[PDB]
Asker: 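Pasting a structure here, questions to come.
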Amino acid sequence: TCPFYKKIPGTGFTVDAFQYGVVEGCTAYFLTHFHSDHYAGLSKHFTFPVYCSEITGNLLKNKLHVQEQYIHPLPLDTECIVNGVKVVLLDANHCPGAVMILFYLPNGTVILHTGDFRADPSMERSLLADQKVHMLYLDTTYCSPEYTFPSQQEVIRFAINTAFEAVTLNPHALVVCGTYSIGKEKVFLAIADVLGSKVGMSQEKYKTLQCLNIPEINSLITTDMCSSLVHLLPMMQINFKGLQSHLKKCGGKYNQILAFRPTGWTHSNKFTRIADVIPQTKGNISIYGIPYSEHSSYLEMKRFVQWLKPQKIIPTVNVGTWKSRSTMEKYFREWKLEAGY
Ligand code: NI
């Protein structure tokens, strides 16, 4: 049955609640982004109204074959009316098409659901600045002070310089990047751009990327692997065995692989700076784990909530254990006492 933290009080609305069958009293189903833990349950047989971004609507239509008449895409940063309630969709700084949703309840309560997000000071200048929020449904993925990670910009600088160096030293090296969902496209696109190559990938992945409105994408991606020296493979194939096999398939065009695994966090963060990151190497294969996150660090999360000053916080992640929930509630009290709301 549907958890309480997916239900918006005083409305007929749910958020990211497609795996519970017909939810009692739900008149409109919102989808924050196209990740499987959130969309699980949608298909061509869904016949309730789904409200989402344009990009998410493209992916529903083309990848899951949801019928167009049930997809209701909304423009960002625009006041819209849904079943009698004003809503706004804001950029979540997550994966392409990912949104936060502001709901303006008829009784005067204002609710922000972040979906999945990476908090940023840029958010302090959207339509959030203009009114008070009473309740915050918060992505608490990394809600503990051990979770520090560098900016996206520093991580991409490290990747570009590493790949450019390796291929300049050996023009017969192949670069491989792992993927399992949309998100983190900057990793493989920035590398291809510095090498003057397109990114080669499966037809299924190319189709997924064509749904995303990324400008000049026909310019950076391709299904012709033979013309490309940056290849995208499933994340599960980013290991020594999987990569030895791929290299066999390239028919002696290449004699070395440098591969990247963009992870969220890994405990090498508590000790090591990005500058200090080293690969695992075996033979002519090296694998770098890089801490490219599309969720808030602890400090970014803290800053956002201390700026927003909500009256109540409802966590949406790590809610399944009493020790996690207690930990989070303790941090929320600290933040409130330190900031004075
Ligand atoms: Ni997500």
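One is the number of the first residue; the rest follow in order along the sequence. Heavy atoms only: backbone and side chains are in, while hydrogens, waters and symmetry mates are out.
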Asker: Quick one: does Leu243's side chain get under 4.5 Å of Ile287's, heavy atoms only?
Answerer: yes

Asker: Pair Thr109, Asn107 - check side-chain hydrogen bond (donor to acceptor under 3.5 Å, both in side chains), show working.
Answerer: CA-CA 6 Å; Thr109 308; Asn107 69 358; 3.1 Å; yes

Asker: If you count heavy atoms of other groups shown closer than 6.0 angstrom to CD1 of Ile278, is the number above 12?
Answerer: no

Asker: At what distance, to the nearest 0.5 angstrom, does OG1 of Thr14 lie from CD1 of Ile8?
Answerer: 8.5 Å

Asker: Strictly below 4.0 Å, N to O, side chains only: are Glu334 and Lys302 in salt-bridge contact?
Answerer: no

Asker: Given the side-chain rings of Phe46 and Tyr29, with only the six-membered ring counted for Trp, is the space between their centroids under 6.0 Å?
Answerer: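 Between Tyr29 and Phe46, which both carry aromatic rings, the centre distance is below 6.0 Å.
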
Asker: Ignoring hydrogens and geometry beyond distance, is a side-chain donor-acceptor pair present between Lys63 and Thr208 at under 3.5 Å?
Answerer: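 On atom types as modelled, these side chains qualify, holding a pair under 3.5 Å.
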
Asker: Taking the six-membered ring for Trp and the single ring otherwise, decide whether the centroids of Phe103 and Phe30 are under 6.0 Å apart.
Answerer: yes

Asker: With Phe260 as reference, evaluate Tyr288, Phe188, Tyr292 under the ring-ring contact (aromatic ring centres under 6.0 Å, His included) test and give the passing residue.
Answerer: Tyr288

Asker: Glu294 side chain to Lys184 main-chain N or O, any donor-acceptor pair under 3.5 Å?
Answerer: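 Indeed, once roles are kept as given, a pair shorter than 3.5 Å links the two residues.
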
Asker: Please report the C-alpha distance between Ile71 and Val50 in whole Å, then the side-chain angles of each, then the deciding distance to 0.1 Å, and finally whether the side chain to side chain contact (heavy atoms under 4.5 Å, CB included) criterion is met.
Answerer: CA-CA 5 Å; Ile71 309 169; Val50 179; 5.6 Å; no

Asker: Can a donor-acceptor pair be found, under 3.5 Å and without considering hydrogens, that links the side chain of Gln67 to the backbone of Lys44?
Answerer: yes

Asker: What are the two closest non-hydrogen atoms of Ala119 and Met301, and how far apart are they?
Answerer: CB-N, 4.3 Å

Asker: Would you find a donor on one side and an acceptor on the other, under 3.5 Å apart, between the side chain of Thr272 and the backbone of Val277?
Answerer: no

Asker: Please check this pair: side chain of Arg118 against backbone of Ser293, looking for a donor-acceptor N/O pair closer than 3.5 Å.
Answerer: yes

Asker: Should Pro9 and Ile111 count as side-chain neighbours, where that means a heavy-atom distance under 4.5 Å?
Answerer: yes

Asker: Counting N and O atoms only, with roles assigned by atom type, does the side chain of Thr114 sit under 3.5 Å from a partner on the main chain of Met100, one being a donor and the other an acceptor?
Answerer: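 It does not hold such a pair.
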
Asker: Can you list everything that forms a ring pair (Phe, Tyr, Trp, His ring centres under 6.0 Å) with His72? Sequence neighbours excluded, please.
Answerer: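 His72: ring pair (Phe, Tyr, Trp, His ring centres under 6.0 Å) contacts with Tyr51.
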
Asker: Rounded to the nearest 0.5 Å, what separates atom CE in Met235 from atom SG in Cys177?
Answerer: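 Separation between the atoms: 9.5 Å.
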
Asker: Hey, does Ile156 have a side-chain heavy atom less than 4.5 Å from the side chain of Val187?
Answerer: yes

Asker: Would you please indicate yes or no on a ring centroid separation below 6.0 angstrom for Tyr39 and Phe34?
Answerer: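 Yes, the ring centres sit under 6.0 Å apart.
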
Asker: Any side-chain heavy atom of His231 within less than 4.5 Å of one from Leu174?
Answerer: yes

Asker: Specify whether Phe304 and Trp307 have parallel, tilted or perpendicular ring planes, treating 30° as the upper limit for parallel and 60° as the lower limit for perpendicular.
Answerer: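 Because their plane-to-plane angle lies in the 30° to 60° range, the rings of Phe304 and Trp307 count as tilted.
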
Asker: Would you say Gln131 has more than 12 foreign heavy atoms packed within less than 6.0 Å of its CD?
Answerer: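 Counting other residues, nucleotides and ligands, CD of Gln131 exceeds 12 neighbours.
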
Asker: Looking at side-chain heavy atoms only, is the closest gap between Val87 and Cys80 below 4.5 Å?
Answerer: yes

Asker: Under 3.5 Å, side chain of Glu54 to main-chain N/O of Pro73, donor-acceptor pair present?
Answerer: no

Asker: Taking all non-hydrogen atoms of both residues into account, name the closest pair between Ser286 and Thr281 and its distance.
Answerer: OG-OG1, 2.8 Å

Asker: Do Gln152 and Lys186 have side chains that approach each other closer than 4.5 Å (heavy atoms only, starting at C-beta)?
Answerer: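 Sidechains of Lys186 and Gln152: no contact.
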
Asker: For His94 and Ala98, which heavy atoms make the closest approach, and how far apart are they?
Answerer: CB-CB, 3.7 Å

Asker: If only atom types and distance count, is the side chain of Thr27 paired as donor or acceptor with the main-chain N or O of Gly12 below 3.5 Å?
Answerer: yes

Asker: Hey, quick one: are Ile221 and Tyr180 part of the same hydrophobic cluster, counting side-chain heavy atoms closer than 4.5 Å, chains of contacts allowed?
Answerer: no

Asker: Over all heavy atoms of both residues, which pair between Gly115 and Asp139 is shortest? Give the atoms and the distance, please.
Answerer: O-CB, 3.2 Å

Asker: So, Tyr298 versus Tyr142, ring centres under 6.0 angstrom or not?
Answerer: no

Asker: Would you say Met225 ends up clustered with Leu232 if hydrophobic residues are merged whenever their side chains have heavy atoms under 4.5 Å apart, either directly or through other cluster members?
Answerer: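 Different clusters: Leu232 never reaches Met225 through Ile, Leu, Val, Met, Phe, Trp or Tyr contacts under 4.5 Å.
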
Asker: Is any side-chain heavy atom of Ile182 less than 4.5 Å from a side-chain heavy atom of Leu59?
Answerer: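 Result yes, sub-4.5 Å side-chain heavy-atom pair found.
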
Asker: Please tell me whether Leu189 and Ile160 are part of a single hydrophobic cluster in this structure, the criterion being side-chain heavy atoms less than 4.5 Å apart.
Answerer: yes

Asker: How close do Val23 and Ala17 get, counting heavy atoms only, and between which atoms?
Answerer: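 Taking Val23 first and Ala17 second, the nearest heavy atoms are CG2-O, 4.3 Å.
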
Asker: Dump the intermediate steps for side chain to side chain contact (heavy atoms under 4.5 Å, CB included) on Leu209 and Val199, then the final yes or no.
Answerer: CA-CA 11 Å; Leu209 299 183; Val199 187; over 6 Å; no

Asker: Between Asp16 and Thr32, is any side-chain donor less than 3.5 angstrom from a side-chain acceptor?
Answerer: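 Per modelled atom types, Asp16 and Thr32 side chains form a pair under 3.5 Å.
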
Asker: Ignoring hydrogens and angles, tell me if any N or O in the side chain of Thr140 forms a donor-acceptor pair with the backbone of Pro315 under 3.5 Å.
Answerer: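 No, because the side chain of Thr140 does not come within donor-acceptor range (under 3.5 Å) of the backbone of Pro315.
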
Asker: With distance as the sole test, does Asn284 use its side chain to make a donor-acceptor pair with the main-chain N or O of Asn255 at under 3.5 Å?
Answerer: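 Side chain of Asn284 to backbone of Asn255: a pair is present.
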
Asker: Measure from the ring center of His267 to the ring center of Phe271 and say whether it is less than 6.0 Å.
Answerer: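 So the answer is yes for these two rings.
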
Asker: Apply side chain to side chain contact (heavy atoms under 4.5 Å, CB included) to residues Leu60 and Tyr70 and explain how you reach the verdict.
Answerer: CA-CA 10 Å; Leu60 289 182; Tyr70 303 116; over 6 Å; no

Asker: Carefully, step by step, assess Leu138 and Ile314 under the rule side chain to side chain contact (heavy atoms under 4.5 Å, CB included).
Answerer: CA-CA 6 Å; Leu138 179 63; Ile314 300 163; over 6 Å; no

Asker: Can you tell which of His113, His295, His38 makes a ring-ring contact (aromatic ring centres under 6.0 Å, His included) with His33?
Answerer: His38

Asker: What is the distance from atom SG of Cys95 to atom CG of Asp116, rounded to the nearest 0.5 Å?
Answerer: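 Result: 7.5 Å between the selected atoms.
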
Asker: Does one hydrophobic cluster hold both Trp322 and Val319, with members joined at side-chain heavy-atom distances below 4.5 Å?
Answerer: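 Per the 4.5 Å side-chain linkage, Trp322 and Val319 are not co-clustered.
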
Asker: Can you measure from OG (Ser36) to CG (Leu42) and round to the nearest 0.5 angstrom?
Answerer: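 Here the rounded value is 12.0 Å.
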
Asker: Taking C-beta and beyond as the side chain, do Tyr147 and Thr141 meet within less than 4.5 Å on heavy atoms?
Answerer: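 Side chain of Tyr147 against side chain of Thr141, heavy atoms only: no contact under 4.5 Å found.
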
Asker: Rounded to the nearest 0.5 Å, how far does CZ of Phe164 lie from CG of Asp193?
Answerer: 12.0 Å

Asker: Any side-chain to backbone donor/acceptor pair from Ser43 onto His45? Under 3.5 Å, distance only.
Answerer: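 Yes; at least one donor-acceptor contact below 3.5 Å.
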
Asker: Considering residues, nucleotides and ligands other than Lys132, do more than 12 of their heavy atoms fall under 6.0 Å from its NZ?
Answerer: yes

Asker: Once you round to the nearest 0.5 Å, how far does CG of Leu105 lie from NZ of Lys86?
Answerer: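 Output value for this atom pair is 12.0 Å.
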
Asker: Looking only at heavy atoms, which two atoms of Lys205 and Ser181 are closest? And how far apart?
Answerer: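 In this case the closest contact between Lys205 and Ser181 is NZ-O, 3.5 Å.
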
Asker: Will you find, in the side chains of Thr327 and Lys323, an N or O donor that is under 3.5 Å from an N or O acceptor?
Answerer: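 Absent: no donor and acceptor within the cut-off.
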
Asker: Do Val317 and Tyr331 sit in one hydrophobic cluster, given that two such residues count as connected whenever their side-chain heavy atoms are within less than 4.5 Å of each other, even indirectly?
Answerer: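 Each belongs to a different hydrophobic cluster.
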
